[PDB]
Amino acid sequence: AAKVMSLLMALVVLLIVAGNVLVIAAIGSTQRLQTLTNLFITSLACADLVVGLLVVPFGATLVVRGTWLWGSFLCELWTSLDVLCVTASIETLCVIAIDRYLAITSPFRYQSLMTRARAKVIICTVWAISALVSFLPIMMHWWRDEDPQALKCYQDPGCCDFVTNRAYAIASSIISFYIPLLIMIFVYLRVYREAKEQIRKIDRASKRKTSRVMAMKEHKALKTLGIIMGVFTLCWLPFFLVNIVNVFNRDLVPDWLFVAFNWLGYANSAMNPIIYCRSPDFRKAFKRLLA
């Protein structure tokens, strides 16, 4: 079972690094893939890649050994690197939703409105926010709880538990997850509404001669919307729910579950290439890249 658990960490890292390296490669190497949307996808893949190379491996050891082997500084840094990459990943998912919403519903306004220079600013902003919520508060000790038992883990270099004050766990969870989630729900809901509202106008046109039904394309778009919101929420909702719960009633949820829900979130980083890089141009580039 703990033999199975260690095997399961190995494939997680393998999938994350493989997938995300393959995406960045595809985009960087293929002129056809260097679009505006794929700029945001590139930001996402960078974030998830750093999760697989650094965040998850240092994580995997802390489960196996049951203690932090690299001293208090690298604990602090690894914690900051984790928070940064997760925040950048999820906030970038939120920007991709907005991007595709404009491109699908208001494509002509979008082309003049969203430039490559504007997208860079959006991307730079996302990472600057990730940095300021992770590195700034964690290195400067703002994330620290006053509690004596928490303060025992800060003094022990073998302890690298994630223990925060109230303010930080609320604020970081809102900024990394809840605001992005709300924006993703609102945005992708307007796509559904826009599509349903357009089918309504087609039926008004036909002078009571035809009523539209869901075709192949409408079922597929709705499945896609399902996978987008489903996998993102399944993966990160449990952990971020529990993360706020801990700040109030600390005993209620065990530590083995909390960490296991955080591992589920890292799984999303392996899922993202599969979801957001299915384009026929991506499918060609991937074959071309694998000989």
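The numbering used is simple: start at 1 and walk along the sequence shown.
Averaged over CA atoms, B-factors in the entry run higher in 110-118 than in the other of 110-118 and 181-189. When the C-alpha B-factors of 228-236 and 57-65 are averaged, 57-65 comes out higher. If you compare the C-alpha temperature factors of 88, 139, 205, 123 in the entry, 205 comes out highest. Looking at 26, 45, 36, 247, the one whose CA carries the top B-factor in the deposited record is 247.
Placement of the Cα temperature factor of residue 11 within the chain: highest third of the modelled residues, per the deposited record.
Sort the modelled residues of the chain by CA B factor and residue 220 lands in the highest third.
Residue 209 sits in the highest third of its chain by CA B factor, as recorded in the PDB entry.
Compared with the other modelled residues of the chain, the Cα B-factor recorded for residue 70 ranks in the highest third. Per the PDB record, residue ranking by Cα B-factor puts residue 40 in the lowest third of the chain.
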